[PDB]
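Asker: Okay, handing you the structure first.
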Amino acid sequence: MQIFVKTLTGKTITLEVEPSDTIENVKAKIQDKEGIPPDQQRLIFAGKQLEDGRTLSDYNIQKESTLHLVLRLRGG
């Protein structure tokens with residue numbers, strides 16, 4: 001099913017995921033679409049940061065929902 005991801009650069013992404021996807025795999029699907037290393041990604045939904053040990057359905061995320069993405073300060 002299809003969701004959205006928004007980033008503070010002003011860009012929006014849409015992508016295809018399963019409700020059983022665990023969040024570090026969603027970070028890896030974002031790495032495949034936009035190049036961003038998973039260790040620099042912070043993913044936010046509904047007033048919290050996400051933990052990668054749980055799935056989109058554990059967070060009650062469904063089609064047409066939006067994730068917010070923030071970049072950490074260090075790399076290279």
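The chains in the structure tokens are called A, B, ... from first to last as shown; in each chain the residues are counted from 1, and the ligands are counted from 1 in the order shown.
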Tell me which protein, DNA and RNA residues are within 10 Å of segment 12-16 of chain A, counting only C-alpha atoms, leaving out same-chain ones fewer than 5 positions away, and put them as a PyMOL selection string.
Answerer: chain A and resi 1-7+26+29-30+33-34+63-64+66-69
Asker: Restricted to N, CA, C and O atoms, what would the selected residues look like written as a PDB file, in the first residue's frame?
Answerer:
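This went into selection.pdb:
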```pdb
ATOM      1  N   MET A   1       0.836  -1.210   0.000  1.00  0.00           N
ATOM      2  CA  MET A   1       0.000   0.000   0.000  1.00  0.00           C
ATOM      3  C   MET A   1       0.870   1.259   0.000  1.00  0.00           C
ATOM      4  O   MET A   1       2.053   1.173   0.319  1.00  0.00           O
ATOM      5  N   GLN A   2       0.327   2.411  -0.383  1.00  0.00           N
ATOM      6  CA  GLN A   2       1.094   3.618  -0.615  1.00  0.00           C
ATOM      7  C   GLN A   2       0.924   4.683   0.471  1.00  0.00           C
ATOM      8  O   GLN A   2      -0.194   5.033   0.840  1.00  0.00           O
ATOM      9  N   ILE A   3       2.045   5.235   0.928  1.00  0.00           N
ATOM     10  CA  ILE A   3       2.127   6.313   1.894  1.00  0.00           C
ATOM     11  C   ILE A   3       2.900   7.514   1.345  1.00  0.00           C
ATOM     12  O   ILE A   3       3.445   7.463   0.245  1.00  0.00           O
ATOM     13  N   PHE A   4       3.001   8.576   2.139  1.00  0.00           N
ATOM     14  CA  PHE A   4       3.840   9.731   1.886  1.00  0.00           C
ATOM     15  C   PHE A   4       4.965   9.875   2.914  1.00  0.00           C
ATOM     16  O   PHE A   4       4.819   9.492   4.072  1.00  0.00           O
ATOM     17  N   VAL A   5       6.067  10.499   2.510  1.00  0.00           N
ATOM     18  CA  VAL A   5       7.137  10.964   3.371  1.00  0.00           C
ATOM     19  C   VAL A   5       7.477  12.408   2.993  1.00  0.00           C
ATOM     20  O   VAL A   5       7.748  12.678   1.825  1.00  0.00           O
ATOM     21  N   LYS A   6       7.495  13.325   3.956  1.00  0.00           N
ATOM     22  CA  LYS A   6       7.863  14.715   3.773  1.00  0.00           C
ATOM     23  C   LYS A   6       9.175  15.043   4.488  1.00  0.00           C
ATOM     24  O   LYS A   6       9.399  14.589   5.608  1.00  0.00           O
ATOM     25  N   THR A   7      10.029  15.850   3.864  1.00  0.00           N
ATOM     26  CA  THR A   7      11.307  16.280   4.396  1.00  0.00           C
ATOM     27  C   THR A   7      11.425  17.805   4.404  1.00  0.00           C
ATOM     28  O   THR A   7      10.856  18.498   3.564  1.00  0.00           O
ATOM     29  N   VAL A  26      11.945   0.541   6.273  1.00  0.00           N
ATOM     30  CA  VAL A  26      11.393   1.739   5.674  1.00  0.00           C
ATOM     31  C   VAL A  26      12.484   2.790   5.460  1.00  0.00           C
ATOM     32  O   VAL A  26      12.558   3.360   4.374  1.00  0.00           O
ATOM     33  N   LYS A  29      14.243   1.603   2.347  1.00  0.00           N
ATOM     34  CA  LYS A  29      13.455   1.926   1.174  1.00  0.00           C
ATOM     35  C   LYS A  29      13.582   3.403   0.799  1.00  0.00           C
ATOM     36  O   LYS A  29      13.679   3.718  -0.384  1.00  0.00           O
ATOM     37  N   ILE A  30      13.697   4.293   1.782  1.00  0.00           N
ATOM     38  CA  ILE A  30      14.027   5.692   1.605  1.00  0.00           C
ATOM     39  C   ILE A  30      15.457   5.872   1.092  1.00  0.00           C
ATOM     40  O   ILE A  30      15.665   6.663   0.174  1.00  0.00           O
ATOM     41  N   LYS A  33      15.303   5.226  -2.600  1.00  0.00           N
ATOM     42  CA  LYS A  33      14.624   6.269  -3.342  1.00  0.00           C
ATOM     43  C   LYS A  33      15.335   7.623  -3.376  1.00  0.00           C
ATOM     44  O   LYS A  33      15.188   8.333  -4.368  1.00  0.00           O
ATOM     45  N   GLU A  34      16.075   7.997  -2.336  1.00  0.00           N
ATOM     46  CA  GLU A  34      16.668   9.309  -2.176  1.00  0.00           C
ATOM     47  C   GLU A  34      18.120   9.329  -1.694  1.00  0.00           C
ATOM     48  O   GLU A  34      18.706  10.402  -1.561  1.00  0.00           O
ATOM     49  N   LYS A  63      -2.448   3.348   4.450  1.00  0.00           N
ATOM     50  CA  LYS A  63      -2.378   4.061   3.190  1.00  0.00           C
ATOM     51  C   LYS A  63      -2.844   5.513   3.309  1.00  0.00           C
ATOM     52  O   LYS A  63      -3.758   5.821   4.071  1.00  0.00           O
ATOM     53  N   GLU A  64      -2.202   6.408   2.562  1.00  0.00           N
ATOM     54  CA  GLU A  64      -2.428   7.838   2.569  1.00  0.00           C
ATOM     55  C   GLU A  64      -1.997   8.591   3.830  1.00  0.00           C
ATOM     56  O   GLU A  64      -2.174   9.804   3.904  1.00  0.00           O
ATOM     57  N   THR A  66       1.125  10.136   6.260  1.00  0.00           N
ATOM     58  CA  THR A  66       2.363  10.849   6.021  1.00  0.00           C
ATOM     59  C   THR A  66       3.355  10.637   7.167  1.00  0.00           C
ATOM     60  O   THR A  66       3.035  10.892   8.327  1.00  0.00           O
ATOM     61  N   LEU A  67       4.585  10.248   6.845  1.00  0.00           N
ATOM     62  CA  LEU A  67       5.730  10.308   7.731  1.00  0.00           C
ATOM     63  C   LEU A  67       6.481  11.629   7.556  1.00  0.00           C
ATOM     64  O   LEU A  67       6.574  12.147   6.445  1.00  0.00           O
ATOM     65  N   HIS A  68       7.101  12.123   8.623  1.00  0.00           N
ATOM     66  CA  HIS A  68       8.009  13.252   8.569  1.00  0.00           C
ATOM     67  C   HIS A  68       9.443  12.784   8.823  1.00  0.00           C
ATOM     68  O   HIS A  68       9.685  11.983   9.724  1.00  0.00           O
ATOM     69  N   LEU A  69      10.393  13.259   8.022  1.00  0.00           N
ATOM     70  CA  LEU A  69      11.785  12.862   8.049  1.00  0.00           C
ATOM     71  C   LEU A  69      12.679  14.046   8.425  1.00  0.00           C
ATOM     72  O   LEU A  69      12.553  15.122   7.844  1.00  0.00           O
TER      73      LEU A  69
END
```
Asker: From the options A:43, A:50, A:56, A:28, which residue's atoms come nearest to residue 8 of chain A, counting only C-alpha atoms?
Answerer: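 Checking each of A:43, A:50, A:56, A:28 against residue 8 of chain A, counting only C-alpha atoms, the winner is A:43.
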Asker: As a VMD selection string, please: the residues near residue 25 of chain A (cut-off 12 Å, only C-alpha atoms, same-chain neighbours under 3 positions excluded).
Answerer: chain A and resid 17 to 22 28 to 32 37 to 39 41 43 51 to 56
Asker: Export, as a short mmCIF file (atom, residue, chain, number, x, y, z; two decimals), in the first residue's frame, the selected residues with N, CA, C and O atoms.
Answerer:
```cif
data_model
loop_
_atom_site.label_atom_id
_atom_site.label_comp_id
_atom_site.auth_asym_id
_atom_site.auth_seq_id
_atom_site.Cartn_x
_atom_site.Cartn_y
_atom_site.Cartn_z
N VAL A 17 4.78 0.27 0.52
CA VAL A 17 5.19 -0.44 1.71
C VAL A 17 4.13 -1.44 2.18
O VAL A 17 2.96 -1.33 1.81
N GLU A 18 4.50 -2.40 3.02
CA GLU A 18 3.57 -3.29 3.69
C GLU A 18 3.32 -2.87 5.14
O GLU A 18 4.24 -2.40 5.79
N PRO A 19 2.15 -3.11 5.72
CA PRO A 19 1.87 -2.82 7.11
C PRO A 19 2.73 -3.59 8.11
O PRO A 19 2.83 -3.20 9.27
N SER A 20 3.35 -4.68 7.66
CA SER A 20 4.32 -5.48 8.39
C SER A 20 5.76 -4.99 8.27
O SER A 20 6.64 -5.59 8.89
N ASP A 21 6.05 -3.93 7.53
CA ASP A 21 7.39 -3.39 7.40
C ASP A 21 7.85 -2.75 8.71
O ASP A 21 7.17 -1.90 9.27
N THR A 22 9.03 -3.15 9.19
CA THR A 22 9.68 -2.60 10.36
C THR A 22 10.51 -1.36 9.99
O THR A 22 11.05 -1.29 8.89
N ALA A 28 15.60 1.99 4.83
CA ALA A 28 16.31 1.43 3.70
C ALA A 28 15.57 1.61 2.37
O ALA A 28 16.21 1.85 1.34
N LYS A 29 14.24 1.60 2.35
CA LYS A 29 13.46 1.93 1.17
C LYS A 29 13.58 3.40 0.80
O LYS A 29 13.68 3.72 -0.38
N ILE A 30 13.70 4.29 1.78
CA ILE A 30 14.03 5.69 1.61
C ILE A 30 15.46 5.87 1.09
O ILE A 30 15.66 6.66 0.17
N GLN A 31 16.43 5.12 1.59
CA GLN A 31 17.79 5.12 1.08
C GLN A 31 17.83 4.74 -0.40
O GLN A 31 18.58 5.33 -1.17
N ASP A 32 17.02 3.77 -0.84
CA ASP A 32 16.92 3.39 -2.23
C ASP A 32 16.24 4.43 -3.11
O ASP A 32 16.60 4.54 -4.28
N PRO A 37 21.54 7.78 4.07
CA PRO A 37 21.95 6.69 4.93
C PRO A 37 21.02 6.51 6.13
O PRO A 37 20.78 7.48 6.84
N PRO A 38 20.52 5.31 6.41
CA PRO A 38 19.60 5.06 7.51
C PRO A 38 20.07 5.56 8.88
O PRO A 38 19.24 6.08 9.62
N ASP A 39 21.36 5.52 9.20
CA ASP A 39 21.87 6.00 10.46
C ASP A 39 21.73 7.51 10.67
O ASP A 39 21.77 7.96 11.81
N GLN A 41 18.86 9.11 9.42
CA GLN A 41 17.44 9.35 9.34
C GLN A 41 16.80 9.34 10.73
O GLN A 41 17.00 8.40 11.50
N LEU A 43 12.78 9.39 11.74
CA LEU A 43 11.41 9.32 11.28
C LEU A 43 10.42 9.59 12.42
O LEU A 43 10.53 9.03 13.50
N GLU A 51 10.71 3.87 16.85
CA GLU A 51 11.66 2.81 17.15
C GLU A 51 11.58 1.71 16.09
O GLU A 51 10.49 1.29 15.71
N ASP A 52 12.72 1.20 15.63
CA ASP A 52 12.81 0.32 14.48
C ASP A 52 12.42 -1.14 14.75
O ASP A 52 12.19 -1.89 13.80
N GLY A 53 12.29 -1.53 16.01
CA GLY A 53 11.83 -2.84 16.41
C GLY A 53 10.34 -3.11 16.17
O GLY A 53 9.91 -4.25 16.36
N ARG A 54 9.57 -2.11 15.77
CA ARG A 54 8.15 -2.20 15.49
C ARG A 54 7.79 -1.81 14.06
O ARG A 54 8.58 -1.19 13.35
N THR A 55 6.60 -2.23 13.63
CA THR A 55 6.10 -2.14 12.27
C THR A 55 5.12 -0.99 12.05
O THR A 55 4.55 -0.47 13.01
N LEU A 56 4.87 -0.62 10.80
CA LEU A 56 3.92 0.41 10.44
C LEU A 56 2.54 0.20 11.07
O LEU A 56 1.97 1.14 11.61
#
```
Asker: Step one, run DSSP on the backbone; step two, keep only residues of chain A assigned to strand (DSSP E or B); then write them as a PyMOL selection string.
Answerer: chain A and resi 2-7+12-16+22+41-45+48-49+55+66-71
Asker: Using atom CA of residue 11 of chain A and atom CA of residue 46 of chain A as the two end points, give the distance in Å to one decimal.
Answerer: 19.3 Å
Asker: How many Å separate atom CA of residue 9 of chain A from atom CA of residue 71 of chain A?
Answerer: 10.1 Å
Asker: Work out how far apart atom CA of residue 49 of chain A and atom CA of residue 27 of chain A are and give it in Å to one decimal.
Answerer: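 Atom CA of residue 27 of chain A lies 12.9 Å from atom CA of residue 49 of chain A.
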Asker: Looking at only C-alpha atoms, which of A:45, A:36, A:74, A:24 is the one that sits closest to residue 60 of chain A?
Answerer: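 Using only C-alpha atoms, residue 60 of chain A sits closest to A:45.
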Asker: Using DSSP on the backbone coordinates, identify all residues within chain A classified as helix (DSSP H, G or I); present the result as JSON, numbers by chain.
Answerer: {"A": [23, 24, 25, 26, 27, 28, 29, 30, 31, 32, 33, 34, 38, 39, 40]}
